[PDB]
RNA sequence: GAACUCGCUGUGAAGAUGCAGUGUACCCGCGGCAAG
RNA sequence: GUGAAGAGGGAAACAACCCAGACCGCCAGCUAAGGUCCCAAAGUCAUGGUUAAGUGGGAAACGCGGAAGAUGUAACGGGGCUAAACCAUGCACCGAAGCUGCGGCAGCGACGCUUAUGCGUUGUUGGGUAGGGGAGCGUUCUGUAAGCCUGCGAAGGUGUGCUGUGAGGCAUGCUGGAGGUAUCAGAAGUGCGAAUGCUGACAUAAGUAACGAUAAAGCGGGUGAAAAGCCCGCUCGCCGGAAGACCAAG
RNA sequence: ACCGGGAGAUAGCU
RNA sequence: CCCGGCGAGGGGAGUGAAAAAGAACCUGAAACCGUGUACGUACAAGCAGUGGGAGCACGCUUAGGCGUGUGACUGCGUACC
């Protein structure tokens with residue numbers, strides 16, 4: 001007797017669209033990480049991911065509560081010598097909120113080969129229109 | 001008809017001769033001999049020596065159809081070495106295997 | 002019955018061989034310690 | 002009466018190296034490091050034999066929680082309902098059945114919800 | 052060792082003497098008369114109890130011929146026989162030399178190895194009375 | 002200026018991966034004598050582009 | 001001793017490439033700058 | 001008390017903090033400390049408040065300030081958190097090698113059938129430096145041995161399978177072509193992994209700087225299968241109180 | 001200054 | 001007999017039980033270095049192993065999920081004296 005193990009190739013992963021439009025960033029990030037990791041599915045397997053492709057819309061519309069409107073700041077090492085070119089979150093969201101959403105997901109998601117593999121499964125777009133309409137992405141809210 | 005040729009106690013390094021020998025594995029004799037004749041390494045002389053010995057032996061023991069012969073396996077190994085006051098002189102052992110199929 | 006002749010039980014002891022292995026009880030130093 | 006230890010040493014070396022298959026080169030051929038490598042592998046096997054129960058329990062708990070969330074109940078509430086129903090099904094069997102069957106798990110969660118109160 | 070930071074003749078080096086090299090010594094020890102006689106009596110009792118002892122009053126050969134000894138042995142239906150007699154006979158002793166299996170000794174020639182090794186022993190009335198009047 | 006450990010065989014193999022040479026694979030046949038020869042070089046028999054030379 | 005020989009933060013018989021967290025980086029060569 | 005001489009778990013790792021004494025195995029359940037947003041498993045739990053300060057998540061004394069600290073926020077573990085922080089109460093789960101459930105052993109007694117001296121219960125022990133006690137495997141030599149196997153194939157080497165708590169033991173493919181040796185005992189020059197231990201062999205650095213006067217070579221021809229440094233002729237150049245020639249010694 | 005022997009000379013300690 | 005340089009070395013035939021006995025000459029393992037075969041790797045960070053492990057080729061009960069060769073990936077894991 002051996003416990004069933006999910007097959008990395010036979011697992012079926014569909015498309016579910018998510019739109020926050022004024023929801024807490026932390027809650028959305030937690031739910032996105034959990035659903036990408038496949039923990040919701042009864043066939044969860046740490047060996048091989050079984051999550052579903054998720055598309056994010058209206059990244060700039062995420063809601064942040066408290067003094068994080070000014071206190072929060074994102075920093076990424078620039079390398080070389082004196083690479084302390086930080087980036088306040090306001091400017092980053094104003095320019096490309098996709099970067100903010102994806103870095104938040106990466107921090108939430110476990111880091112590693114499988115971490116990057118799951119990260120590749122999550123696409124974040126600012127405009128409502130999505131070009132991945134050929135696969136019939138089902139509408140799901142969180 | 002399988003044919004094998006080899007040389008014993010060659011005055012060459014074990015690994016230096018391997019570079020030229022790498023050009024004979026999987027290559028037909030027709031162009032292999034031409035490449036060897038124009039190769040600049042000293043080991044090229046020994047490689048062409050063993051190749052011509054092997055092809056001559058194949059022609060002799062076998063009946064005919066010498067052109068179709070294709071080289072299959074060829075490899076070199078380290079042989080006995082001589083000590084001298095501390096300097097060690099190496100020797101190379103080259104083997105070439107040629108078969109029509 | 003020639004080979005049936007054996008010493009009486011308990012009359013012969015090989016004796017511990019110090020400085021031979023670690024699984025034989027005493028290990029290195031011959032069992033006398035430092 | 003001289004005794005030659007070559008045969009015994011060779012046999013011991015062969016026996017120890019036989020367990021040193023596939024250890025990234027030197028550790029699989031060099032006795033000095035091969036012995037340490039095999040000892041460390043044995044220690045790791047000893048630890049992992051006990052840790053396998055923990056890993057399997059973790060996997061079963063994760064699967065049961067996922068199934069319960071799919072059915073619309075938390076893992077703790079499902080366990081409480083199962084216990085209050087006078088049922089002693091191990092988590093391993095529940096996880097095994099949750100993947101090959103769904104109707105049985107639906108009935109189990111319904112019974113747990115009914116008996117929770 | 053023949054020869055001259071340690072000396073080359075040291076045991077750790079090659080072609081050197083052993084750390085504890087054995088010297089000419091005798092492994093033999095002393096055996097008390099009482100224990101020897103007791104062991105002889107015990108082995109004789111065991112042999113007779115096993116029914117491995119056959120006693121013939123006369124076992125003298127007419128002439129020193131190995132053929133006569135061999136045919137007499139065949140007539141006795143025995144193969145491993147230790148012929149021990151009180152008084153050694155020249156003819157029988159000479160005839161028995163060739164046959165390794167058949168060996169003969171004198172009355173005083175009694176040893177535990179001879180009794181334990183040889184499967185069966187044959188002795189005469191003179192021999193049994195001689196051993197009886199001996200240590201016994 | 003001293004090695005702290007012995008480099009393994011794999012590192013040597015990777016380092017020596019660039020030591021392999023290349024075959025010329027550019028044999029040129031003489032116009033008239035019809036023997037393969039190096040391009041832009043005199044043949045062993047002493048021919049080049051069909052024209053004859055001293056060919057000692 | 002054997003190597004699939006990265007930077008930063010923290011612990012560290014007290015400056016960590018092998019410890020915990022974290023970021024980056026296709027695999028492998030060549031000539032130099034000597035911080036270790 | 002711990003370590004010394006205890007593994008396991010939790011606190012980011014941490015030898016001194018907390019829980020917690022490893023007979024072995026099992027893909028079974030319950031609990032210790034510690035946790036239930038993830039990484040990383042469990043309530044985004046319930047009741048009434050505090051906390052709008054990212055304090056929580058680093059700081060005294062003193063009168064909300066005090067508060068400035070670890071080049072990076074870097075003193076929340078990372079994200080992130082307005083409850084995913086704190087206070088008081090409650091249940092439910094996760095949670096160690098802890099306990100229980102099952103299987104398999106070594107020992108300790110206690111009890112009886114008392115035996116043939118074993119059997120059936122019986123509760124318990126089985127982490128461990130040094131040290132002590134008990135019990136075993138393997139190799140040469142000798143008696144057992146003019147026994148037995150072996151040219152229908154033994155030793156040594158090399159793979160497979162079957163065995164036992166264990167040193168280990170047995171059958172078997174493969175080159176091998178002449179010894180090995182049952183059982184019980186005796187007797188050891190007896191079991192290797194570090195002592196800058198020793199003899200022999202083999203890799204690293206490596207195709208690596210260098211190829212050892214910076215007086216300076218070049219051409220035609222000859223031997224040779226292969227030729228600048230092998231030989232002859234020719235042009236130039238170096239030394240020329242020398243780099244020229246002779247004697248003493250070797 | 002070198003060779004063979006006392007000499008496997010003797011104490012500590014690795 | 002042939003290649004070969006009238007060398008060295010090698011390959012045929014024969015002798016030879018055996019030339020997997022050829023003057024480097026009984027049997028001939030490791031450290032060391034080679035070719036073919038089966039598998040993995042060029043987005044993947046740390047004593048390089050340990051349990052889980054889909055996949056990749058072969059023989060088997062001619063599937064019935066058995067083993068052999070490798071381990072993409074994953075929880076865990078700071079050498080010996």
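Chains as they are written, first to last, in the UniProt record's numbering: chain S, 1 to 142; chain P, 1 to 85, 95 to 110; chain X, 2 to 35; chain Z, 2 to 118; chain G, 52 to 55, 70 to 201; chain C, 2 to 57. For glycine and all other residues, C-beta sits at the position ideal for the given N, C-alpha and C.
C-alpha gap between residue i and residue j, whole angstroms
| i | j | result |
| --- | --- | --- |
| residue 63/P | residue 75/P | 27 Å |
| residue 153/G | residue 182/G | 21 Å |
| residue 43/S | residue 100/Z | 6 Å |
| residue 67/Z | residue 40/S | 5 Å |
| residue 83/S | residue 77/S | 6 Å |
| residue 151/G | residue 161/G | 16 Å |
| residue 28/X | residue 22/X | 6 Å |
| residue 103/G | residue 201/G | 9 Å |
| residue 82/Z | residue 53/S | 34 Å |
| residue 55/S | residue 75/Z | 27 Å |
| residue 49/Z | residue 59/Z | 14 Å |
| residue 163/G | residue 157/G | 11 Å |
| residue 155/G | residue 119/G | 22 Å |
| residue 6/S | residue 138/S | 23 Å |
| residue 33/P | residue 48/P | 6 Å |
| residue 10/C | residue 28/Z | 13 Å |
| residue 35/C | residue 55/C | 18 Å |
Which of helix, strand or coil DSSP assigns to residue i
| i | result |
| --- | --- |
| residue 195/G | helix |
| residue 95/S | helix |
| residue 21/S | coil |
| residue 29/Z | helix |
| residue 11/Z | helix |
| residue 31/P | helix |
| residue 105/Z | helix |
| residue 92/G | coil |
| residue 42/C | coil |
| residue 113/G | helix |
| residue 31/C | coil |
| residue 53/P | helix |
Same chain, Cβ closer than 8 Å to residue i, five either side skipped, listed in chain order
| i | result |
| --- | --- |
| residue 108/S | 29, 30, 32, 33 |
| residue 106/S | 115, 119 |
| residue 87/S | 73, 74, 75, 76 |
| residue 136/S | 15 |
Cβ neighbour criterion (16 or more within 10 Å) applied to residue i
| i | result |
| --- | --- |
| residue 85/G | exposed |
| residue 32/Z | exposed |
| residue 93/G | exposed |
| residue 113/Z | buried |
| residue 4/S | exposed |
| residue 3/X | exposed |
| residue 45/S | buried |
| residue 102/Z | exposed |
6 Å Cβ shell around residue i - same chain, five flanking residues per side excluded
| i | result |
| --- | --- |
| residue 39/Z | 20, 21 |
| residue 109/P | 68, 69 |
| residue 140/S | 16 |
Sequence-distant residues of its chain with Cβ nearer than 7 Å to residue i (five each side left out)
| i | result |
| --- | --- |
| residue 54/G | 74 |
| residue 57/S | 17, 19, 125, 128, 130 |
| residue 12/P | 42, 43, 46, 101 |
| residue 83/G | 76 |
| residue 122/G | 189, 190 |
| residue 180/G | 108, 112, 186 |
| residue 39/P | 20 |
Which whole runs of the beta strand (DSSP E) in the segment 5-93 of chain S are 3 residues long or more, in chain order? 15-19, 53-57
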